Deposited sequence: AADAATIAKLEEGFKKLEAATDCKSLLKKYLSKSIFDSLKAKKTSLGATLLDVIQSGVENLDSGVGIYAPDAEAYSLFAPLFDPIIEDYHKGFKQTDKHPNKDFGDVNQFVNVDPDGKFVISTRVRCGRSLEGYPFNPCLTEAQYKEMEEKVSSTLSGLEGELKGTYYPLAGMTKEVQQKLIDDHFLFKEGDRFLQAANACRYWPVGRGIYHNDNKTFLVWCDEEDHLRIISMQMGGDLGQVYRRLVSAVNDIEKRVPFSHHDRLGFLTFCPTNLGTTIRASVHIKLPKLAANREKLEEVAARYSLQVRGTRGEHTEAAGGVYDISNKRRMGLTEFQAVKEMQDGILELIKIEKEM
């Protein structure tokens, strides 16, 4: 039951989208007049409206996707918009498909993809989580940011063993502590115009924080883009160690804070293109000879749905694109298999 002022801003926003005949966003592509009319008066029980979904793509016509989720209910209430956009971004995940239940699988199956260290500089696996009961960034209140951060900081400061470490609130953070975290690439800052316009940076830095373990192989960001961004990383190619550490950590956190999960979409986050497993595994990897014939490399990468990015020579950031319609085990295994074949190729050239 959106109020009249919301609906008036929505009608303005739809006409802005309609006027931008060259706009290429998925918002513009899929927000048809009939979907728009169907959804524009709806409101979630936490007060979120279609405006809290689409405003960033209305303000930033040059968005690629142009929608965000303001709370968990929004994915169901505004499914007629989210569903085709998710299908377009994750090809083959249809509006009638169902993301499988969580399955980290047999974690002992994951290996060091580069034992002698000659290829993989470093390995990272991250996931995202929303805490059950809280809205997402566009709708969190200042009080909720504060309360969530107390819950999360207490949870992280209780981690033991390899995961033991230090929580740093962004509120009140000194310049020297900022520099210390920057030097480890652990700091985050306010987001750009796409996130500002999604109302995702309100009350900054309240409720935002950074945790890492003593070994600097585990990093958590609290209320950056999602409630929790949980990262496991280390030098070398032991994706198996990285993954098992991530799984241990996620399970330990879940004991204290339950996560938002959706039967069709998997783990729910603020970004609709990071649902499902929410998992991004990546390596920084030196493939000089395969760089001398990138058409082969893009061919192999494509059949593992790997994104190959340059980040120095033949050094690549290679990560998995898939999130939907596969398990955590399948996603990481597709990554592992992809890197193992790329390395087998490189050595034989």
Exercise. Which regions of the deposited sequence are unaccounted for in the modelled residues, listed N- to C-terminal?
Worked result: 312 to 318
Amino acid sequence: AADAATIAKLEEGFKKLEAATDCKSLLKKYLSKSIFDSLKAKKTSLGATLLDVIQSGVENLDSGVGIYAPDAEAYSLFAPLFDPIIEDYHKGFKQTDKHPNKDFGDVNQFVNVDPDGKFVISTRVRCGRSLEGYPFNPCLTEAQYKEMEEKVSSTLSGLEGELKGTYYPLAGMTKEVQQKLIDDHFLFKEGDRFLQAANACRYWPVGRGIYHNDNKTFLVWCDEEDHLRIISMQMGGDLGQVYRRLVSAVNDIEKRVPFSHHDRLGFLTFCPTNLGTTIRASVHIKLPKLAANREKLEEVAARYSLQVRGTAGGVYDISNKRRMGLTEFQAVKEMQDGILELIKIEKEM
From here on, numbers count along this sequence of modelled residues.
Exercise. For the C-alpha atoms alone, is the average B factor greater in 10 to 18 or in 337 to 345, going by the entry?
Worked result: 337 to 345
Seminar exercise, completed: With B-factors read from the PDB entry, the higher C-alpha mean of 292 to 300 and 32 to 40 is in 292 to 300
Exercise. Looking at 54, 287, 324, 48, which has the biggest Cα B factor in the entry?
Worked result: 287
Exercise. Which has the highest CA B-factor per the PDB entry: 230, 187, 173, 111?
Worked result: 111
Problem set entry | Within-chain third of residue 119 by Cα B-factor, per the entry | highest
Problem set entry | For residue 206, the third of its chain into which the C-alpha B factor falls | lowest
Exercise. Residue 64: which third of its chain by C-alpha temperature factor?
Worked result: middle
Exercise. Split the chain's modelled residues into thirds by Cα B-factor; is residue 138 in the lowest, middle or highest one?
Worked result: lowest
Exercise. Once the chain's modelled residues are ordered by C-alpha B factor and cut into thirds, is residue 179 in the lowest, middle or highest one?
Worked result: highest
